[PDB]
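# structure of the sequence below:
(chains A, B and C)
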Amino acid sequence: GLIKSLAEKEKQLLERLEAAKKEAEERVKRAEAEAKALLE
Amino acid sequence: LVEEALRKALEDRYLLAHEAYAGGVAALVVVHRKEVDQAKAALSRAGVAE
Amino acid sequence: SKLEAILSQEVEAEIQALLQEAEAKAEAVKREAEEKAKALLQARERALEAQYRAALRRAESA
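Numbers count the residues shown, from 1 in each chain, chains lettered A, B, ... in the order given. See the structure here:
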């Protein structure tokens, strides 16, 4: 029964998907900084 | 009967396991949360159920 | 096995959508700013310039 293995694969993947999203939204918080600055 | 049904529906992307313990053999089908619909449908044919 | 292959690919195409999605929404914010400021620097150019020509007028008349 492999089972354990593939039920680990779903964790790794989720935290890679998670990680993509996070750095993604960081870029948004980055464009927010310039958006104030460029006006200031 | 459950295995054949599973194989056609799922392909082989599932884990089918069984062990005896008295009171039949406990069996499991494991699928992705996306394959769930198909996996259950395979069971419906087989006549065994959740 | 084949089980994990499908799970990878499924997750991976979703990754490709998150990353671009944040980025474009950042760029659009960035580009909003560029416009926002430009219309303001223009607007204060306009007003002051007329209030300049007209100001000197009132002097000239004096």
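
# by contact count, what packs against the helix or strand containing residue C:60?
When secondary structure is defined by DSSP states H and E, residue C:60 falls within helix C:2-61. Secondary-structure packing of helix C:2-61 (3 or more Cβ pairs under 8 Å, 6 or more residues apart in numbering or on different chains; DSSP states H and E): helix A:6-37. For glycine as for every other residue, the C-beta is placed from the backbone atoms N, C-alpha and C.

# now the angle between helix C:2-61 and the helix it packs on, please.
An angle of 0 degrees separates the directions of helix A:6-37 and helix C:2-61 when computed by axes from the mean of the first three to the mean of the last three Cα atoms, to 10 degrees.

# for helix A:6-37, which helices and strands make contact with it?
For helix A:6-37, the contact count by 3+ Cβ pairs under 8 Å, 6+ apart identifies helix C:2-61 as packing neighbours.

# dump stretch B:11-29 to PDB, restricted to CA.
The C-alpha coordinates for stretch B:11-29 follow below in PDB (Å, rounded to 0.1, in the frame of the first residue of the first chain):
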ATOM      1  CA  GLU B  11      -7.800   4.100 -15.500                       C
ATOM      2  CA  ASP B  12      -5.300   3.100 -12.800                       C
ATOM      3  CA  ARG B  13      -4.900   6.500 -11.100                       C
ATOM      4  CA  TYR B  14      -6.400   5.100  -8.000                       C
ATOM      5  CA  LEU B  15      -5.100   2.900  -5.200                       C
ATOM      6  CA  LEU B  16      -7.100  -0.300  -4.600                       C
ATOM      7  CA  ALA B  17      -6.100  -2.100  -1.400                       C
ATOM      8  CA  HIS B  18      -7.600  -5.000   0.600                       C
ATOM      9  CA  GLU B  19      -6.700  -7.000   3.700                       C
ATOM     10  CA  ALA B  20      -8.900  -9.700   5.400                       C
ATOM     11  CA  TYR B  21      -9.700  -9.500   9.100                       C
ATOM     12  CA  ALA B  22     -12.800 -11.700   9.400                       C
ATOM     13  CA  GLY B  23     -16.000 -10.000   8.300                       C
ATOM     14  CA  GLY B  24     -14.800 -10.000   4.700                       C
ATOM     15  CA  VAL B  25     -11.800  -7.900   3.700                       C
ATOM     16  CA  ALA B  26     -11.800  -4.200   4.300                       C
ATOM     17  CA  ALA B  27     -11.200  -2.500   1.000                       C
ATOM     18  CA  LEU B  28     -10.300   1.000   0.100                       C
ATOM     19  CA  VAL B  29     -10.500   3.000  -3.100                       C
END
